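Participant: First, the structure itself, so that you have it in front of you.
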Amino acid sequence: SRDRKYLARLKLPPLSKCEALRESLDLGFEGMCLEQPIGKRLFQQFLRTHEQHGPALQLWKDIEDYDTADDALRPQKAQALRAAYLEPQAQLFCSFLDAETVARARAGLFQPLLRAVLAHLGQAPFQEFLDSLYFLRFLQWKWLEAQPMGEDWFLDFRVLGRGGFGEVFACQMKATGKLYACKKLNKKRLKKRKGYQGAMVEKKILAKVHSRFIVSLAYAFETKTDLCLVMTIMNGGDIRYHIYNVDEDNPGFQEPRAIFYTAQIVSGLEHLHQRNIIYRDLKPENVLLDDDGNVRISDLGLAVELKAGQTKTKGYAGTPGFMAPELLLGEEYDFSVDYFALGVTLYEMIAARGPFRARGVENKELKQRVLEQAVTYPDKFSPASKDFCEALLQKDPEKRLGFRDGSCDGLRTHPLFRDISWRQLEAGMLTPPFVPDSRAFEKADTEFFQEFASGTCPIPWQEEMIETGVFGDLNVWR
Amino acid sequence: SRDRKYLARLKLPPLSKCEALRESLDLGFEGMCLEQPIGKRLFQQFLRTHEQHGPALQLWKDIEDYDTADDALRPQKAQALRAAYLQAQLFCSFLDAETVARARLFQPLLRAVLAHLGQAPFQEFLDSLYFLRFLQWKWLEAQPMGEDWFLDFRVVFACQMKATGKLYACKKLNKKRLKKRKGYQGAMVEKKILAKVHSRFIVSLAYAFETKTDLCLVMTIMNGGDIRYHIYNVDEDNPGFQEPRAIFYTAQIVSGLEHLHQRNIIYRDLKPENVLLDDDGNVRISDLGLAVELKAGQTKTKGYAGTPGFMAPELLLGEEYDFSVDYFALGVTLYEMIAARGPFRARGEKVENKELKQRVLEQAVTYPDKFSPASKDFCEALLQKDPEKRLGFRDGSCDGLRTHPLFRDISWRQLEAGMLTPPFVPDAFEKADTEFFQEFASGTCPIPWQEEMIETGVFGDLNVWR
């Protein structure tokens, strides 16, 4: 359904206002169209009416089409893409690059083919969009993004749960009609514990990331009683909810069910650590499942940030079992205390118990079993799972496949992912292995609540406009 | 059919170029959207996405719809327009309630919205997209469209605009012969007023350029032939025309001369062979060497030239004459339309110009049986022996003419629009000269050009969003 009165406060503006934007923004090619879908599309749309860059556009289109393609049609989509653009006078044979990257792709894998067009497409042809209409309309789409979207603009009625900080909800964006889990906090209780620093650190990195295994924050505002942060909804429940209490006499999960979730996690942590950031506490109950069936990772008090120029960070906190060996003694540890935690999680996924313990001891024996004891496996495991879990559960962090080379490119090779080609999961087209059932104050604080509230977080907002049709139905020409 | 290579030299530009345009142009409201259809439409299009000025837009739309409406549905379209806007559901809220009383003929109703629509709401278009695209449509208009851009094959020629595929009569002149007669002044005066007028009873000039051998001027298409072609040589044993056939053409002429003379300008030479017929069946007037201009502050102009018979009485002696030497010429034409001969003479009788002048001045018109009385009572007006008793240009328009009995059937609206089924559908050089040829060639004449883009779809298919 759709609302009108809140959709009415949203109009397409004039041009004497988009001049304060012109100077203060400095989006280099990369930060704009390639990442911002309203940019993407508007610039797509610039290459659509301008006839000279059809071949380069469709080129890139069909690269995104092959990127996500299935696994018995990749040979065919390859022979489709090779016959259209590459070789003896193709009919959409473009003429702006020379002929050095034509040689590059002939072996397979067409990833370097893509970056060859990107580099150029962002230089000589890119000049025009800027000095053309489509871009300007973006400024005006952009203009309305830089606006104050307060408590008025969202609704409350059904609540997720209660840990302590406040009350967690699902909320609909009124004008458009999009749903969002918006976490709400009793302000007085927040200042009551100096819990400022764990939350903002948690906020600062939410808006900076868009990985569909990480709760993507859309908005940030101040009501009066509470502070809020819209993130991409998750219903049914968490993974413990499923592991232990979905099917009782058949405890735990099957093989492709746990695999599918483990992979979605691998890429969430990749994004986590690509920006130099730790999760520390990683477990099933700290992982959710949406109505669509694509999981994420949740609850981010334990979300410490690593700075720039420094190497490591120290401490003592987390969850007994999902701490690493080098985390319990209290030494300098890399991100793989998460990957160690994941190993324990993956076990408790397909075990119905903590890996060292028995199902359902003090923290000293749990620490002594975290460090020393190896994993004694039963019959239920397939060999690919056993050969892989021995990597995560190593007693030191240099032999455990942690964050290496900048991405999990060494992890993604590992035997357990043969069926799963490492593309489709990052997009969102794979049928997940279980679909669910649906139906008085000082100055220092009020100056912070408005600092905290940066109104909008840009890109999920952009996505909301494009997916809901809001972009489509006010980007009108006739 | 359509061409590609010439349609390829026509692209939508960037924005760092439309800055020399910003300062040097000064289009006040009237000169832009209300008259320029690409402005009209783009601004229409601005009021289409902006939801607050739907009622004002459709208001004006339905005024243009009623303006042209037929004559047994005007009572109904009135009761349709009165029930929609005059608590109506598209009741607009920007004007007060003084013009609501006025209309209770809705012409003053229209100018009430126009006045306002061009003031408070008009500010935005300017500072909005739709206008900018106009700047870029405008930019490409200010371009050199030379000899390359047009074709010749059938002859004065007919020429097709290659890229789009639109037809045009483009009049071409041997330059050396032009300078050979100091015939500069009669042509430029003739050019200067062609581009300044768009009346569909006047050859509307679209372009102006220089080839090398010739200078040219594209004007709006007419096929079959001229009126003599029909009068004398359409149906041989039934010479001339019927009654509603000649009437229909005579009326179209009345309004062409109205436009001719509204701007203080004379045709002098008016005749059937100097009147054409298009494929659609709406006529115009043609060949404008004899197209002298009257200035400002002066009263009259003198001379000796034209065509023996279609000169006036006061034109042959060589005195000061008003426009009605045309209207006198028209009387002779209307006769030769429905007679198959010159009014005074006998058909094809080759008398000299002295007896033709003596019969132009003295002799009255001896009518036969074929005429209906409304035609006889009217032609006696045009063929009077002096210009003060002949119904010439009076009051600023032919409002005294339009009353006359011969036009009962014809209500004086539909012919000006273009919806009436016409009564016959068809089947070495110095510096002073090369500096003038490029002055002469102002490249484009804006509005018929604009029309070409909108009618051919050229506007429609490069004004694309998706």
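By convention here, the chains of the structure tokens are called A, B, ... in the order presented, each chain's residues are numbered starting at 1, and ligands are numbered starting at 1 in the order presented.
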Mind listing as a PyMOL selection string which residues of chain B are within 12 Å of chain A, counting only C-alpha atoms?
Facilitator: chain B and resi 8+10-19+41-52+121-136+460-466
Participant: Running DSSP on the backbone, which parts of region 87-173 of chain A land in strand (DSSP E or B), as a list in words?
Facilitator: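 Output for region 87-173 of chain A, strand (DSSP E or B) only: residues 154, 158, 159, 166, 167, 168, 169, 170, 171, 172 and 173 of chain A.
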Participant: Which distance in Å separates CA of residue 288 (chain A) and CA of residue 432 (chain A), to one decimal?
Facilitator: 13.6 Å
Participant: Which residues come within 8 Å of residue 401 (chain B), counting only C-alpha atoms, excluding same-chain residues fewer than 3 positions away, as a ChimeraX atom specification?
Facilitator: /B:391,398,404
Participant: Enter the distance from CA of residue 25 (chain A) to CA of residue 37 (chain A), in Å, rounded to one decimal.
Facilitator: 17.7 Å
Participant: Go through region 347-465 of chain B and collect every residue that DSSP, computed from the backbone, puts in alpha helix (DSSP H); the answer should be as number ranges by chain.
Facilitator: B: 353-361, 373-382, 414-417, 431-440, 446-455, 458-462
Participant: Which polymer residues have any atom within 8 Å of an atom of region 114-118 of chain B, counting only C-alpha atoms, with same-chain residues fewer than 6 positions away left out, as a list in words?
Facilitator: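 Once the nearby chain positions are removed, what remains is residues 29, 56 and 95 of chain B.
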Participant: Could you write out the selected residues, including C-alpha atoms, as a PDB file, in the first residue's frame?
Facilitator:
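The resulting result-v4.pdb:
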ATOM      1  CA  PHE B  29       7.256  35.763 -22.050  1.00  0.00           C
ATOM      2  CA  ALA B  56      -4.282  25.867 -15.540  1.00  0.00           C
ATOM      3  CA  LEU B  95      -6.780  34.097  -9.751  1.00  0.00           C
TER       4      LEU B  95
END
Participant: Name the closest residue to residue 466 (chain A) among the candidates A:79, A:311, A:176, A:450; distances are taken between atoms, counting only C-alpha atoms.
Facilitator: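 Answer, going by the shortest atom-to-atom distance: A:176.
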Participant: Can you pull out the residues contacting residue 68 (chain A)? Cut-off 8 Å, using only C-alpha atoms, and skip same-chain residues under 4 positions away; I want them as a PyMOL selection string.
Facilitator: chain A and resi 64+423-424+427
Participant: Next, write the just-selected residues to a file, as a JSON list (two decimals), in the first residue's frame, keeping C-alpha atoms as the atom set.
Facilitator:
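Output file out13.json follows:
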[["chain", "number", "residue", "atom", "x", "y", "z"],
["A", 64, "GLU", "CA", 27.26, -7.87, -15.03],
["A", 423, "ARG", "CA", 29.30, -14.60, -7.43],
["A", 424, "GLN", "CA", 25.56, -15.29, -7.12],
["A", 427, "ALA", "CA", 24.08, -10.54, -5.65]]
